[PDB]
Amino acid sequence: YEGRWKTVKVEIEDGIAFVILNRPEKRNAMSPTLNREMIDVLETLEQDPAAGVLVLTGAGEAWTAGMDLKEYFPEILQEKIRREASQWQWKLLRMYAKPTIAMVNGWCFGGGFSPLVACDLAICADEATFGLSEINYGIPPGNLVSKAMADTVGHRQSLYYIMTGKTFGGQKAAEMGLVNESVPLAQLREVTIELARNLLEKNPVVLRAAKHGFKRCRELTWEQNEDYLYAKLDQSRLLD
């Protein structure tokens, strides 16, 4: 995959697809061009039997500084663009076929929260800094940012961070439940890899069934899930 995308890099090592956001000079701000390439990246890696697990990380100091202000600014064109943001950030990614891990190396802001939580698991550096700074720019959180908070962070802490726009570090992200674990930057990569390797060792069809089933069952009552969760178990047995 060398040199194939202008704003993103993919480097696969032993089954682990590192997907690197690559606009370091713009702190990996998400522009419409990055959005369209990320869609391409996800669809491509889906059908690549070399990629058993995807690790979503950032080049340089940012994981992502959020949506690209300049590069985002005919009425209907905003339709397409907002769709393209959703398409990779979570429509493909939340229920992706393969297991996914956010490896948060640094800055994570605003619209970054959507792919952050769409990725199944997440590890950050203690040194990573997060914040929902939309309120200070005069917009509520856009896209799925607020649902991504609601799914991972308790009600009062979500509201505090959304309403104030204050930043918090990696330990605090983990305390809150936004990520699985926060570790020193120097251990970020190996901790992530150790986890990806554990996941690589499961039957991919089974893992998909388990991870999609959990995400879905939060939406459903116990009686609905009896039907739903056995349908997944049985679907897993067909396809495995």
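From 1 onward, residues are counted along the sequence shown.
Where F73 is followed by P74 in the displayed chain, the model omits 4 to 9 of the deposited residues that sit between the two. The PDB entry reports B-factors from which the mean C-alpha value can be compared for 148-156 and 133-141; the larger average falls on 133-141. Here 177-185 and 64-72 are compared by their mean Cα B-factor, and 64-72 comes out higher.
In this PDB entry, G213 carries a Cα temperature factor that places it within the lowest third of its chain's modelled residues. In this PDB entry, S236 carries a Cα temperature factor that places it within the middle third of its chain's modelled residues.
Among the modelled residues of its chain, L77 has a C-alpha B-factor that falls in the highest third, as given in the PDB entry. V19: CA B factor in the lowest third of modelled residues in this chain (values from the PDB entry). In the PDB entry, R83 places in the highest third of its chain by CA B-factor.
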